[PDB]
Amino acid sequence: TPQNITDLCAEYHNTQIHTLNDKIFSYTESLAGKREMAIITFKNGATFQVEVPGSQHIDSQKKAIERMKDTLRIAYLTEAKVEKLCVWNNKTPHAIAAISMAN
């Protein structure tokens, strides 16, 4: 079991850490069919998504995907500082796997 987000990252292929140390600049959310997803951006210009749930996801991930969209929304609205994101770099925008918050 990992102790931090950087060690969690390293347990997967096609992932990387972004160190943002900043609040979320924009939050976008969609209910349009086949694009039920969220997108966030930071002022350094980087854009990330929470993927549309799909065949790449196992059943145990379904509640965690919804939790992640809830976390991004409330982090955006509280201007909470995002320390790091672990993302899959085989998607565009890069796909969020995990988030750490600290200030």
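Numbering starts at 1 and follows the sequence shown. Here the rigid core means the biggest group of C-alpha atoms that line up within 1.5 Å when the two forms are laid on top of each other.
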Handout entry: Larger mean CA deviation from the shown form in 8 other deposited structures of this protein [core fit; 43-51 vs 58-66]
Key = 58-66
Exercise for the section: Could you check which stretch, 88-96 or 14-22, carries the larger mean CA temperature factor in the entry? Expected result: 14-22
Practice task
Could you settle it for me: does 28-36 or 71-79 have the higher average Cα B factor in the PDB entry?
Solution key: 28-36
Handout entry: residue 58 CA temperature factor, ranked by third within the chain
Key = highest
Handout entry: Third of the chain's Cα B-factor distribution that residue 47 belongs to, per the entry
Key = middle
